There are 2 protein chains.
Amino acid sequence: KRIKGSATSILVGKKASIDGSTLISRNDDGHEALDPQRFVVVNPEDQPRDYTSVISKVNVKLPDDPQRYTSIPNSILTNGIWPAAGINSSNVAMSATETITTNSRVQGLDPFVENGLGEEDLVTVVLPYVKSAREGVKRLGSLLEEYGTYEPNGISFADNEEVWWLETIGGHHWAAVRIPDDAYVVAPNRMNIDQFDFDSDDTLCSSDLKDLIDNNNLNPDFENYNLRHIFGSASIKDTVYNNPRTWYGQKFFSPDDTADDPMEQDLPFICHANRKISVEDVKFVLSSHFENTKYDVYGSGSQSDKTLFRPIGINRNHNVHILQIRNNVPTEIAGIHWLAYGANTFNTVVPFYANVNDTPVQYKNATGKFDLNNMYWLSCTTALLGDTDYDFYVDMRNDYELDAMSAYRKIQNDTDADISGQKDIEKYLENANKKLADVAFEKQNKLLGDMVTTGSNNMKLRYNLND
Amino acid sequence: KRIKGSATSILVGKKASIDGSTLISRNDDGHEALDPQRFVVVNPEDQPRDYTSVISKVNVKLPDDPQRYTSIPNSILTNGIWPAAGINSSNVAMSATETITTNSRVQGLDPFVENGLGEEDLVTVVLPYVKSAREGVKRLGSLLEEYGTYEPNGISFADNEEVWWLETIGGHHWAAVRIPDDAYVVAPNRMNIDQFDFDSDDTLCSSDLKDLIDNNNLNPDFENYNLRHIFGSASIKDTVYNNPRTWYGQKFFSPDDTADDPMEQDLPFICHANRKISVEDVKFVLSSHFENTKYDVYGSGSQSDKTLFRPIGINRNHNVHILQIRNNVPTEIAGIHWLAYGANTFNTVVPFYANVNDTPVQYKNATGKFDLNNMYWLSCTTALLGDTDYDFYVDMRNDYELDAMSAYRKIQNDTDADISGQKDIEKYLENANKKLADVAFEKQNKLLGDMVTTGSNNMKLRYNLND
Ligand SMILES: [Co+2]
Ligand SMILES: [Co+2]
């Protein structure tokens with residue numbers, strides 16, 4: 001068999017955010033709980049021109065003018081690079097992938113292509129070569145049509161104006177929708193695009209998609225086109241593995257527009273929140289485990305209720321990224337690659353400037369060797385200890401989140417404030433990223449220390465005299 | 001670390017009270033269950049002109065004309081004075097503080113000031129120098145701008161006309177609301193001020209507050225300004241630690257305007273009760289533990305429900321005070337500093353006249369040495385015993401509350417009735433306060449005795465012949 005990713009994604013249009021930025025985000029989850037991640041800038045000279053994948057052995061000849069981009073490659077390259085997500089020098093963001101679903105009727109017509117492209121590959125072969133989110137969508141579509149794919153995937157694109165979501169369909173087909181400026185999306189591992197207008201300028205797809213549907217009796221609905229009804233799933237597994245994640249996110253942002261059934265199969269794709277959305281909001285949902293419901297594994301529910309649903313924050317979060325393209329700041333500091341590692345319950349995303357040529361050591365240097373000086377291993381260790389007694393550690397966790405995010409914001413604010421006239425912008429921003437990573441490590445380390453100190457007093461292996 | 005206070009506060013406007021008085025109140029809670037408190041009048045000659053805090057080392061030069069004021073300082077000065085609350089000779093009341101919440105976005109712009117002011121300090125540096133509640137608000141606002149603060153705090157002020165609530169925002173900013181005459185407030189450890197009209201005569205704030213919000217994308221709402229949405233929190237921890245306290249209080253006073261969800265994040269700040277409010281009402285809510293719900297730790301709920309919410313009456317109540325400025329009595333007896341010590345389940349507030357130069361021995365003289373002749377230690381001992389079998393002791397508790405409060409009221413009524421023509425008002429009221437404290441001790445001691453006598457008969461270590 002082939003190794004597969006898992007994920008939860010959240011998208012925010014430029015009018016829906018609290019600061020007028022676009023946000024595309026994803027929990028990059030995997031099969032094993034731990035799989036070391038690195039934060040790496042791929043400079044143009046480092047980018048392949050003759051690309052061959054490890055998993056599928058697909059060979060793609062690439063353009064000769066790649067742009068510099070951030071990425072989050074695996075430390076261990078057994079299954080290839082797995083760059084996950086990044087922002088290029090044109091301030092275009094891309095995250096790939098959100099594994100989605102398919103069905104036997106479309107697979108019968110356009111099967112997966114064994115030697116096609118996969119999540120292993122997509123950012124590497126698309127992001128360096130596009131100058132808008134729309135261009136990203138179109139290039140990826142072209143590559144799917146030409147080379148095919150062996151996975152069902154959802155991919156996000158953004159620039160300072162637009163946010164797009166592309167879903168792959170069978171071995172070669174695809175469709176994509178531009179998320180409205182004022183909207184957000186929460187997307188689990190299930191095909192998401194619903195109502196789809198072939199006549200809209202805000203949609204793109206395989207030229208033959210409508211004919212594929214119309215000519216092969218793929219449409220289950222009496223009227224109109226709902227792509228996930230046609231090409232996706234509405235399974236019993238969806239009701240426990242996927243829909244509750246969508247539901248919990250929509251309950252958080254749109255409480256008065258969202259009913260009380262986490263199993264709902266027709267939750268809207270495009271949503272409108274009752275307020276503007278912050279980075280902190282996005283990280284909360286990306287770290288969640290159905291808090292204040294009977295489905296919280298750390299909560300008061302029955303054993304069966306507590307384990308019924310797949311949470312969003314999860315032991316096998318490998319990285320979490322929130323890619324932000326800001327507006328009303330100079331373009332050279334618009335791109336922010338927010339990043340953290342390990343189960344999202346005990347980390348914080350750090351707002352790294354994407355306009356840099358290299359990355360901080362604590363985030364760049366993970367290998368297969370356990371190293372608590374590295375933020376991947378330190379963050380995972382913290383979350384594991386936290387998992388053993390969540391209610392005991394959660395107050396320290398909460399304090400740390402506020403304290404750390406406050407410190408990051410102060411550094412960002414100071415750095416933004418002095419951008420004008422900097423003679424070496426990349427060096428200036430690399431220094432800012434170094435400060436951010438240093439503080440992130442210090443506060444992560446201090447949190448773990450506080451947890452170890454208090455936790456040790458509460459060990460089972462104890463016997464105290466109460467005097 | 002730095003030690004932090006905790007609290008629950010209740011405010012009542014002059015038209016909302018049963019007697020036309022203003023009331024500002026707070027449970028002064030702390031980290032440890034026990035921390036001995038004293039009732040102390042600071043005469044002008046005792047007041048520092050050159051003040052330095054213990055926790056932050058902030059140094060504040062003070063005016064040379066301080067007014068006399070009541071206060072509730074810590075017996076043990078390890079972390080400074082912690083005066084908590086009092087009434088000055090101009091019949092201005094102040095209670096500080098209700099620790100509240102903040103968020104990373106505003107902290108990123110205006111961080112806490114390490115060597116700034118804190119709860120340790122505020123009553124000492126403000127109350128002696130103001131002649132109205134409004135002046136208190138303005139002086140505190142000025143001091144925050146001058147010295148900064150290292151805590152997020154809520155502070156109440158009152159005189160015979162007005163009640164104000166000030167909340168500190170970041171290291172230097174602040175906002176305050178004059179509570180409508182006919183309104184009340186219940187405030188837990190969460191930022192409270194909601195809808196806020198900068199043009200209102202009922203509001204005061206940092207001169208730059210609206211610009212700070214507008215220019216830095218701090219406002220999450222599509223319309224208007226809600227200060228706690230902007231500057232505060234709505235966290236998962238809020239739903240168990242804070243909101244249920246607000247909810248239980250509002251359920252008590254406004255049953256028909258309050259829904260059934262204790263976790264509600266947008267309970268109103270300003271409320272209107274269905275009736276006029278007594279001192280006895282306020283003490284009840286300040287002593288409460290979600291009686292007649294599954295969230296009552298002394299009740300019938302599951303272990304998880306019983307311990308889910310932070311109660312208002314609690315083991316770490318250090319003092320409880322209700323500062324009352326009465327109307328239509330002569331000004332020399334308008335100020336009443338109601339006071340009790342220890343967990344509020346087994347004490348009663350005593351209506352001490354604030355117009356005095358000294359305080360009764362049973363309330364003034366606590367040290368670190370356990371002394372059951374002192375009301376701090378006696379009250380704490382009583383509440384601890386009560387905690388071991390609440391349903392067994394609650395009838396004696398209830399009887400004592402009625403009996404004791406009736407005795408206090410008789411003494412107050414007689415004292416008020418003979419105020420005219422007194423040649424030495426302070427001596428006259430000090431004598432009344434001595435009578436109050438004497439009877440308060442007698443009734444507290446008799447309660448504990450009755451509990452010990454009946455409790456001893458029900459000890460586990462027993463074996464009786466039933467004849
Ligand atoms: Co070429
Ligand atoms: Co819209």
Side-chain angles (χ1 to χ4, degrees), chain A residues 15-21 182 252-253 255-256 272-281 283-284 287-294 296 298-301 326-329 348-349 351 391 394-399 401-417 446 450, chain B residues 1-2 4 6 31 101-112 150 152 170-171 189 191 212-224 226 229-230 232-244 261-266 294-295 301-310:
Chain A
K15 289 189 193 104
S17 59
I18 196 170
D19 57 2
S21 66
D182 66 351
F252 180 67
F253 288 123
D256 295 319
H272 298 87
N274 66 2
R275 67 202 185 274
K276 301 181 185 180
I277 296 172
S278 73
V279 168
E280 290 95 342
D281 292 336
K283 176 58 165 58
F284 168 73
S287 310
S288 66
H289 38 99
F290 309 108
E291 290 95 309
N292 286 342
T293 78
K294 63 190 187 182
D296 187 349
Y298 293 140
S300 61
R326 301 191 289 173
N327 283 292
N328 305 123
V329 290
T348 44
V349 281
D391 286 346
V394 69
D395 298 323
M396 284 175 274
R397 195 284 305 268
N398 292 337
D399 292 348
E401 289 183 305
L402 174 58
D403 183 64
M405 290 294 323
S406 295
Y408 308 155
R409 292 297 200 174
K410 174 59 175 171
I411 290 166
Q412 180 182 71
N413 289 333
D414 290 347
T415 300
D416 291 351
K446 188 189 187 319
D450 291 346
Chain B
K1 347 287 181 297
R2 300 201 167 171
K4 290 186 65 70
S6 189
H31 185 87
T101 51
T102 188
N103 64 58
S104 55
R105 289 168 300 283
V106 60
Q107 290 291 323
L109 292 166
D110 180 17
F112 289 133
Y150 56 97
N189 295 111
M191 182 166 186
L212 178 72
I213 299 162
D214 289 346
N215 296 343
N216 297 280
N217 296 314
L218 296 185
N219 202 337
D221 288 303
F222 303 127
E223 298 184 322
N224 300 314
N226 177 321
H229 285 186
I230 296 163
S233 64
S235 67
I236 296 298
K237 197 72 189 191
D238 282 331
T239 67
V240 295
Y241 193 76
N242 289 312
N243 302 344
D261 182 8
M263 296 191 301
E264 172 62 53
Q265 300 275 23
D266 290 303
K294 63 189 187 182
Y295 306 111
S302 66
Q303 180 63 24
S304 69
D305 276 345
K306 285 195 303 190
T307 59
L308 190 64
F309 295 163
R310 184 220 195 271

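The sequence lines fix the lettering, A, B, ..., with proteins before strands; numbering per chain opens at 1.
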> So which heavy atom on A:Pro351 is nearest to which on A:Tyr408, and how close?
Replying inline: CD-CB, 3.6 Å
>> What part of B:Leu109 gets within 4.5 angstrom of chain A, counting heavy atoms only: side chain, backbone, both, or neither?
In response: both
> If you tally heavy-atom pairs under 4.5 Å against chain B, which of A:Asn274, A:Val279, A:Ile277, A:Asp281 wins?
Replying inline: A:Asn274
>> Tell me whether A:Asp416 is salt-bridged to A:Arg326, with the criterion being a basic N under 4.0 Å from an acidic carboxylate O.
In response: yes
> So what's closer than 4.5 Å to chain B heavy atoms on A:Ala407: side chain, backbone, both or neither?
Replying inline: neither
> How many angstroms lie between atom CG of B:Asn189 and atom NZ of B:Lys237, to the nearest 0.5 angstrom?
Replying inline: 12.0 Å
> Relative to chain A, which segment of B:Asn219 carries a heavy atom at a distance below 4.5 Å: side chain, backbone, both, or neither?
Replying inline: backbone
> Rounded to the nearest 0.5 Å, how far apart are OG1 of B:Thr101 and CG of B:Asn242?
Replying inline: 7.0 Å
> Does a side chain donor of either B:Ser235 or B:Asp238 reach within less than 3.5 Å of an acceptor in the other side chain?
Replying inline: yes
> Side chain, backbone, both or neither: which part of A:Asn398 has a heavy atom under 4.5 Å from chain B?
Replying inline: side chain
> Between A:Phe284 and chain B, which part of the residue has a heavy atom less than 4.5 Å away: side chain, backbone, both or neither?
Replying inline: side chain
> Quick one: what part of A:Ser17 sits under 4.5 Å from any heavy atom of chain B, side chain, backbone, both or neither?
Replying inline: neither
> So which of B:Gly108, B:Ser304, B:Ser302 has the largest heavy-atom pair count under 4.5 angstrom toward chain A?
Replying inline: B:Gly108
>> Below 30° counts as parallel, above 60° as perpendicular, anything between as tilted: where do the rings of A:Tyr298 and A:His289 land?
In response: perpendicular
